[PDB]
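Structure record follows, encoded as structure tokens.
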Amino acid sequence: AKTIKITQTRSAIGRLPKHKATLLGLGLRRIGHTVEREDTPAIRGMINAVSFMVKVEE
Amino acid sequence: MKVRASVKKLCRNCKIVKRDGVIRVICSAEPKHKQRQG
Amino acid sequence: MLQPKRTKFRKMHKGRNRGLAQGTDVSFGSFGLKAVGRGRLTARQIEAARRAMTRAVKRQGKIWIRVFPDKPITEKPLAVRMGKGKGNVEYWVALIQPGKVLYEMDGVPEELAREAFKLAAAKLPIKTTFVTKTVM
Amino acid sequence: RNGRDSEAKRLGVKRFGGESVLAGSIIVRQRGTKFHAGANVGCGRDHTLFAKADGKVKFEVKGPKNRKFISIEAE
Amino acid sequence: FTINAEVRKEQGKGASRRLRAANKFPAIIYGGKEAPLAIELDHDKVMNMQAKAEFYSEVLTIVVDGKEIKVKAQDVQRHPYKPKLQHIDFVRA
RNA sequence: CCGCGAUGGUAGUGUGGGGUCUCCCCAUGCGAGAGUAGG
RNA sequence: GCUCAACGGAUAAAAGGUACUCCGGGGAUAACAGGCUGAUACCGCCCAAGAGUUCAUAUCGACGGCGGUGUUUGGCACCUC
RNA sequence: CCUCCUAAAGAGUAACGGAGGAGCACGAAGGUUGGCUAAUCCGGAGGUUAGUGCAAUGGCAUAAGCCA
RNA sequence: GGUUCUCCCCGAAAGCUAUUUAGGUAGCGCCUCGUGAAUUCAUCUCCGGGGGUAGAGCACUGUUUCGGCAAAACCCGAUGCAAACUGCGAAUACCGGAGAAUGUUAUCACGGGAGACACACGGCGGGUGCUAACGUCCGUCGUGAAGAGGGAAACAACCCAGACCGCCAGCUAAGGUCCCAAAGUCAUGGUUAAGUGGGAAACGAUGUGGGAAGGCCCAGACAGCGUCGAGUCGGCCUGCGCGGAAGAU
Ligand SMILES: CCC[C@@H]1C[C@@H](C(=O)N[C@@H]([C@H]2O[C@H](SC)[C@H](O)[C@@H](O)[C@H]2O)[C@@H](C)O)N(C)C1
Ligand SMILES: [K+]
Ligand SMILES: [K+]
Ligand SMILES: [K+]
Ligand SMILES: [K+]
Ligand SMILES: [K+]
Ligand SMILES: [K+]
Ligand SMILES: [K+]
Ligand SMILES: [K+]
Ligand SMILES: [K+]
Ligand SMILES: [K+]
Ligand SMILES: [K+]
Ligand SMILES: [K+]
Ligand SMILES: [Mg+2]
Ligand SMILES: [Mg+2]
Ligand SMILES: [Mg+2]
Ligand SMILES: [Mg+2]
Ligand SMILES: [Mg+2]
Ligand SMILES: [Mg+2]
Ligand SMILES: [Mg+2]
Ligand SMILES: [Mg+2]
Ligand SMILES: [Mg+2]
Ligand SMILES: [Mg+2]
Ligand SMILES: [Mg+2]
Ligand SMILES: [Mg+2]
Ligand SMILES: [Mg+2]
Ligand SMILES: [Mg+2]
Ligand SMILES: [Mg+2]
Ligand SMILES: [Mg+2]
Ligand SMILES: [Mg+2]
Ligand SMILES: [Mg+2]
Ligand SMILES: [Mg+2]
Ligand SMILES: [Mg+2]
Ligand SMILES: [Mg+2]
Ligand SMILES: [Mg+2]
Ligand SMILES: [Mg+2]
Ligand SMILES: [Mg+2]
Ligand SMILES: [Mg+2]
Ligand SMILES: [Mg+2]
Ligand SMILES: [Mg+2]
Ligand SMILES: [Mg+2]
Ligand SMILES: [Mg+2]
Ligand SMILES: [Mg+2]
Ligand SMILES: [Mg+2]
Ligand SMILES: [Mg+2]
Ligand SMILES: [Mg+2]
Ligand SMILES: [Mg+2]
Ligand SMILES: [Mg+2]
Ligand SMILES: [Mg+2]
Ligand SMILES: [Mg+2]
Ligand SMILES: [Mg+2]
Ligand SMILES: [Mg+2]
Ligand SMILES: [Mg+2]
Ligand SMILES: [Mg+2]
Ligand SMILES: [Mg+2]
Ligand SMILES: [Mg+2]
Ligand SMILES: [Mg+2]
Ligand SMILES: [Mg+2]
Ligand SMILES: [Zn+2]
């Protein structure tokens with residue numbers, strides 16, 4: 001079962017509460033923070049929700 | 001001279017000419033038809 | 001000067017004027033004057049334009065008005081403050097969206113129709129274009 | 001001459017489809033029968049629909065008139 | 001009337017608006033037993049053709065890939081206020 | 001059990017971005033109503 | 001047993017004047033002037049009904065349309081009690 | 001105090017915003033069983049377009065309408 | 001009005017309801033401290049739900065125009081319009097269920113201590129006003145309030161971004177790279193001649209670039225057409241400019 005690397009690229013300041021909750025769900029804490037997560041539809045949906053401020057290395 | 005925002009040919013003898021960045025109507029027939037855009 | 005003969009209510013919310021028009025085809029006549037811009041047409045403007053085009057054709061052919069001013073517009077008098085209830089109805093408007101055929105004409109040549117609608121369009125606050133009936 | 005209104009009545013659906021309810025639980029408050037009482041659902045004097053058994057709420061469209069019924073599917 | 005057409009790869013609002021920005025427009029061929037075929041047309045070429053009134057009465061040929069489909073124009077969606085075509089329905093003749 | 005309907009296009013719209021910002025456009029996702037073929 | 005209706009109902013029981021005034025406060029809030037706005041006002045322009053013997057445009061510009069100024073009457077209550 | 005809209009398709013939601021009502025009535029106009037179905041136009045057509053004790057909204061033929 | 005030493009952690013509100021209440025106060029909401037407790041809570045995915053908004057539509061309730069028909073009713077065809085129209089109807093949002101990952105329990109209850117109940121601007125959806133106001137009143141999100149730093153000349157509320165302390169290290173964001181002033185007088189292909197860029201509309205015009213299609217034309221076009229020797233005419237669409245354009249140290 002593969003994993004993917006997700007990096008936060010923009011600030012959470014001024015984003016919608018749902019977007020901040022999604023960053024918390026991915027475990028992203030600050031700009032440039034990279035996390036490794038399991039590649040699932042649930043994880044991909046979180047990436048999709050905040051795709052404007054994260055980058056995936058898959 | 002008629003000084004107007006809308007300048008146009010009023011007869012067949014009217015001619016549109018641009019002189020020094022100004023649209024003008026000159027007429028060989030009728031001095032009343034002379035116009036400057038302004 | 002057009003106005004609903006009666007209405008269920010006297011005053012109406014301002015609302016907004018988004019979207020493209022319904023009634024974008026020449027449905028009755030041969031030629032049409034179509035709105036390309038967005039805005040309000042007052043009953044007075046509609047009448048002024050009608051008179052201009054009607055005079056131009058010299059009681060020849062037939063003219064349709066496709067728009068009707070059914071929206072009442074209120075105004076507050078001079079030297080009254082804000083609030084104290086909604087103002088009094090002063091005039092009626094039709095909301096116009098881009099594409100709305102405003103007037104139609106039949107039973108004249110195209111050249112005379114173009115001339116008549118040019119004279120009408122000068123009375124209107126919205127940009128317009130000349131249109132003709134299509135097969136489809 | 002205006003300036004009046006009444007208190008809002010908090011009508012509407014209280015328990016949506018698939019929700020587990022106890023007997024007595026109000027499912028919908030309404031004016032008249034906008035929804036109708038199906039299986040294991042009662043209709044109060046103010047047209048409130050309430051559960052007569054424990055179970056899951058089920059909305060359904062049945063009858064010749066094609067009416068919205070609410071039932072409880074017993075657990 | 002012969003119309004050259006390409007089969008569409010992308011569909012929907014985004015794809016369709018991109019077509020029209022590139023001076024093409026979407027169309028559909030339907031009717032008969034065969035499934036509907038979504039096509040792209042050149043705007044200027046078809047706009048010039050359909051100015052002629054015979055375009056709407058007569059049987060047309062649409063050349064798609066290397067196959068000639070006989071059709072009639074069934075419906076046209078025009079731009080609300082510009083001399084432009086948004087979409088055409090063609091019925092198989 | 002309870003007497004219609006694709007395909008395509010159009011309208012709208014969640015999120016992000018933009019403009020000439022009373023209104024729109026772009027990327028992406030969702031996508032009618034009406035009508036058409038047909039049943 | 002309450003039009004305690006000022007309807008969560010100060011008392012069983014209550015109107016006014018003050019330019020003779022007074023205190024505590026407020027630019028939380030008005031009068032002056034500034035500011036924002038520009039409906040109104042004023043000025044300019046577009047279309048051309050027509051008037052002008054003839055002739056829309058010498059001159060005037062009906063029905064309507066678009067602006068500019070900050071310039072009247074106002075709106076707001078941002079500064080100063 | 002009640003009804004509708006504003007109110008952004010759960011609830012709620014302001015203005016000296018837009019519109020209307022209440023301060024009751026009824027021992028039947030309540031309970032139940034049985035029976036019945038309107039407006040309107042010209043027996044027929046039509047199908048609730050009527051009715052609801054009284055505003056408005058949502059309901060009501062299994063009628064909540066209507067009679068014994 | 002004023003309220004006196006220090007550091008560390010968390011951190012509001014300017015709302016609802018009631019009030020002889022409205023710049024006061026009370027309960028609730030939001031802060032803090034303590035205690036206890038469930039996969040309690042959030043994000044996403046999938047599943048179960050109710051919608052009547054946006055849009056649309058015109059059977060209904062009103063409104064509307066044309067034609068036909070005819071007691072100009074009614075009816076029919078054609079065309080629109082609606083916050084208080086709906087024979088249709090989204091996106092979202094909301095309720096519930098299941099599953100994973102992530103999150104310092106982020107959740108709920110009870111108890112000790114509050115503060116707050118003048119909000120502001122900006123975005124979106126609206127009422128009001130003139131789709132006037134740095135106007136006013138709601139909903140919802142953001143920021144300011146209580147938030148420094150960089151950008152927008154200057155500029156709480158906009159854009160970027162959340163300052164534990166030190167560094168004469170490095171990479172970036174918005175925004176920039178001729179000089180003031182850090183970094184391209186960078187590369188390639190176009191456009192503009194107005195200092196347009198670096199205010200302003202209806203409307204006016206052989207400005208100038210691009211595109212598709214027409215009419216006429218060596219049976220000689222377009223002014224000369226009592227003439228000689230190839231273009232010529234004027235619509236359409238579109239890029240960038242021009243006039244329209246007057247204010248007080
Ligand atoms: C339409 C009037 C508007 C107000 C005028 C002014 C004011 O109050 N002035 C005082 C003055 O009194 C004396 S002059 C006699 C003082 O010397 C002078 O300084 C000053 O205070 C008095 C005239 O009332 N306000 C600021 C606004
Ligand atoms: K319940
Ligand atoms: K009281
Ligand atoms: K006294
Ligand atoms: K003064
Ligand atoms: K002017
Ligand atoms: K003359
Ligand atoms: K003062
Ligand atoms: K309190
Ligand atoms: K506490
Ligand atoms: K707001
Ligand atoms: K903050
Ligand atoms: K300049
Ligand atoms: Mg000179
Ligand atoms: Mg709206
Ligand atoms: Mg209310
Ligand atoms: Mg209500
Ligand atoms: Mg899109
Ligand atoms: Mg579709
Ligand atoms: Mg459909
Ligand atoms: Mg009270
Ligand atoms: Mg009291
Ligand atoms: Mg004093
Ligand atoms: Mg003040
Ligand atoms: Mg003043
Ligand atoms: Mg003049
Ligand atoms: Mg005048
Ligand atoms: Mg003033
Ligand atoms: Mg204020
Ligand atoms: Mg001052
Ligand atoms: Mg000052
Ligand atoms: Mg609601
Ligand atoms: Mg909602
Ligand atoms: Mg609230
Ligand atoms: Mg409130
Ligand atoms: Mg209110
Ligand atoms: Mg903190
Ligand atoms: Mg109360
Ligand atoms: Mg709508
Ligand atoms: Mg509606
Ligand atoms: Mg859930
Ligand atoms: Mg208070
Ligand atoms: Mg307050
Ligand atoms: Mg306030
Ligand atoms: Mg507020
Ligand atoms: Mg707004
Ligand atoms: Mg304000
Ligand atoms: Mg404002
Ligand atoms: Mg403060
Ligand atoms: Mg700051
Ligand atoms: Mg700064
Ligand atoms: Mg600075
Ligand atoms: Mg660098
Ligand atoms: Mg950058
Ligand atoms: Mg330098
Ligand atoms: Mg260079
Ligand atoms: Mg300049
Ligand atoms: Mg200009
Ligand atoms: Zn002349």
Side-chain angles (χ1 to χ4, degrees), chain A residues 10-11 13-14 16 18 21-22 24-27 37-38 40-43 45-46 49 51-52, chain B residues 2 4-8 10 16 18 21-23 32 37-38, chain C residues 4-9 11-20 22-23 27-28 38 44-45 47-49 51-52 55 64-68 70-71 75-76 78-79 81-87 94-95 119 122-125, chain D residues 2-3 6-8 10 12-13 15-20 30-34 47 57 59 62-64 66, chain E residues 11 13-14 16 26-28 30-31 35-36 38 44 48 74-75 77 83 86-87 89 91:
Chain A
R10 302 177 188 287
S11 184
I13 299 166
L16 296 174
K18 209 181 215 188
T22 305
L24 182 280
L26 292 170
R37 297 294 172 242
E38 63 186 8
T40 62
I43 297 279
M46 279 186 289
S51 62
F52 62 91
Chain B
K2 292 162 164 49
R4 290 175 175 191
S6 175
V7 299
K8 61 187 70 165
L10 303 180
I16 304 282
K18 189 166 163 180
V22 180
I23 305 305
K32 287 181 169 194
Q37 200 169 45
Chain C
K5 293 170 176 70
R6 74 96 174 290
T7 58
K8 52 205 292 197
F9 297 106
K11 301 183 186 184
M12 186 175 297
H13 284 171
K14 196 191 307 306
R16 297 292 182 285
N17 188 24
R18 288 185 60 196
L20 301 159
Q22 319 308 311
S27 294
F28 299 86
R38 183 184 301 292
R44 282 177 184 290
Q45 291 161 2
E47 178 58 14
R51 288 175 183 177
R55 188 188 303 111
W64 294 258
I65 312 177
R66 291 287 300 285
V67 293
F68 191 89
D70 64 341
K71 177 174 177 67
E75 297 188 308
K76 279 198 166 289
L78 266 75
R81 302 196 163 146
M82 298 295 99
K84 318 302 191 182
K86 189 168 175 72
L95 295 184
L119 294 170
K123 311 307 187 182
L124 299 180
Chain D
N2 307 315
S6 59
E7 197 77 357
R10 287 80 172 159
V13 175
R15 299 290 179 107
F16 294 84
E19 288 200 56
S20 295
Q30 52 179 354
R31 294 287 169 253
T33 54
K34 172 146 45 53
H47 305 106
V57 172
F59 293 78
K62 300 191 186 296
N66 308 0
Chain E
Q11 291 181 183
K13 165 149 48 173
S16 303
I28 191 72
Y30 58 73
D44 288 3
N48 294 318
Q74 178 61 18
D75 193 7
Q77 295 181 7
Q86 296 234 295
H87 189 258
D89 296 15
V91 286

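What's counted below: heavy atoms across the whole structure, side chains too, no hydrogens, waters or symmetry copies. Chain identifiers are assigned alphabetically (A, B, ...) following the order of the sequence lines, protein sequences preceding nucleic acid strands; residue numbering begins at 1 within each chain.
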Base, sugar-phosphate or nothing for [X]? Non-hydrogen atoms, less than 4.0 Å.
X      : result
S6(D)  : base
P64(D) : base
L10(B) : base
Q45(C) : sugar-phosphate
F16(D) : base
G63(D) : base
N66(D) : sugar-phosphate
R4(B)  : base
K8(B)  : sugar-phosphate
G45(A) : sugar-phosphate

Applying a 3.5 Å limit to both distances, which nucleotide forms a Watson-Crick or G-U wobble pair with [N]?
N       : answer
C171(I) : none
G224(I) : none
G3(F)   : none
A200(I) : none
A33(G)  : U80(G)
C7(G)   : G23(H)
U69(G)  : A41(G)
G52(G)  : none

Name all residues meeting the side-chain contact (heavy atoms from CB on, under 4.5 Å) criterion together with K13(E); count only those two or more places apart in sequence or in a different chain, and write none if there are none.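 If we apply the side-chain contact (heavy atoms from CB on, under 4.5 Å) test to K13(E), skipping adjacent residues, the hits are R17(E).
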Which residues pass the side-chain contact (heavy atoms from CB on, under 4.5 Å) test with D75(E), sequence neighbours left out?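 Result, side-chain contact (heavy atoms from CB on, under 4.5 Å) vs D75(E): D89(E).
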Do side-chain atoms of [X] reach the backbone of [Y] as a donor and acceptor pair under 3.5 angstrom?
X       : Y      : answer
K2(B)   : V7(B)  : no
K123(C) : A52(C) : no
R38(C)  : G19(C) : yes
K71(C)  : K14(C) : yes

To the nearest Å, give me how far apart [atom1] ([X]) and [atom2] ([N]) are.
X       : N       : atom1 : atom2 : value
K84(C)  : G129(I) : NZ    : P     : 14 Å
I28(E)  : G38(F)  : CD1   : P     : 15 Å
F52(A)  : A174(I) : CZ    : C1'   : 16 Å
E47(C)  : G65(G)  : CD    : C1'   : 16 Å
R18(C)  : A11(F)  : CZ    : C1'   : 10 Å
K123(C) : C63(G)  : NZ    : P     : 10 Å
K14(C)  : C5(H)   : NZ    : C1'   : 17 Å
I43(A)  : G103(I) : CD1   : P     : 11 Å

Mapping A122(C) and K2(B) to their closest nucleotides on RNA chain G, which lands nearer the 5' end? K2(B)
Grab the N/O contacts between the protein and nucleotides 76-80 of chain I below 3.5 Å, and write none if there aren't any.
from	atom 1	to	atom 2	distance (Å)
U79(I)	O2'	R66(C)	NE	3.3
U79(I)	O2'	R66(C)	NH2	2.7
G80(I)	OP1	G23(C)	N	3.1
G80(I)	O3'	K100(C)	NZ	3.1
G80(I)	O2'	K100(C)	NZ	2.8

Say you pick atom [atom1] in [N] and the same atom in [M]; how far apart are they, in whole Å?
N       : M      : atom1 : value
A9(H)   : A91(I) : P     : 12 Å
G129(I) : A22(H) : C1'   : 34 Å
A98(I)  : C41(I) : P     : 10 Å

Have a look at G27(H) and give me syn or anti from its glycosidic angle (syn if within 90° of zero).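 Syn, since the glycosidic angle lies within 90° of 0.
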Checking understanding here: a glycosidic angle within 90° of 0 is syn, the rest anti, so what is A8(H)?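 Here the answer is syn: the torsion falls within 90° of 0.
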With respect to the phosphate group of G129(I), does any side-chain polar atom (N or O) of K86(C) fall under 4.0 Å of OP1 or OP2?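 Looking at the OP1 and OP2 atoms of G129(I), one of them is under 4.0 Å from a side-chain N or O of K86(C).
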Please confirm whether the shortest side-chain N or O distance from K8(C) to OP1 or OP2 of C85(I) is below 4.0 Å.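 True: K8(C) side-chain N/O within range (under 4.0 Å) of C85(I) OP1/OP2.
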Report all interatomic pairs (protein N or O, nucleotide N or O of nucleotides 157-161 of chain I) with separations under 3.5 Å.
from	atom 1	to	atom 2	distance (Å)
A161(I)	OP1	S11(A)	N	2.9

Outcome for [N] when its sugar is typed by the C1'-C2'-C3'-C4' torsion:
N       : result
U69(G)  : north
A12(I)  : north
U104(I) : south
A37(I)  : north

Using the six-membered base ring of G50(I), report whether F59(D) stacks on it, requiring centroids under 5.5 Å and planes under 30° apart. no
Please write out each protein N/O paired with an N/O of nucleotides 90-93 of chain I under 3.5 Å, distance rounded to 0.1 Å.
from	atom 1	to	atom 2	distance (Å)
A93(I)	OP1	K18(A)	NZ	2.7

Establish whether [N] and [M] are paired, applying the Watson-Crick or G-U wobble definition with both distances under 3.5 Å.
N       : M       : value
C58(I)  : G103(I) : no
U39(I)  : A183(I) : no
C216(I) : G197(I) : no

Heavy-atom contacts, protein to nucleotides 54-61 of chain H, under 4.0 Å, summarised as B (base), S (sugar-phosphate only) or - (none) per nt, yield ----BSSS
Among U206(I), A83(I), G211(I), find the nucleotide with the atom closest to the side chain of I16(B).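 Comparing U206(I), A83(I), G211(I) against the side chain of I16(B), the answer is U206(I).
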Of the listed nucleotides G96(I), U102(I), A205(I), the one nearest the side chain of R37(A):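 Given the options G96(I), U102(I), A205(I), the side chain of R37(A) is closest to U102(I).
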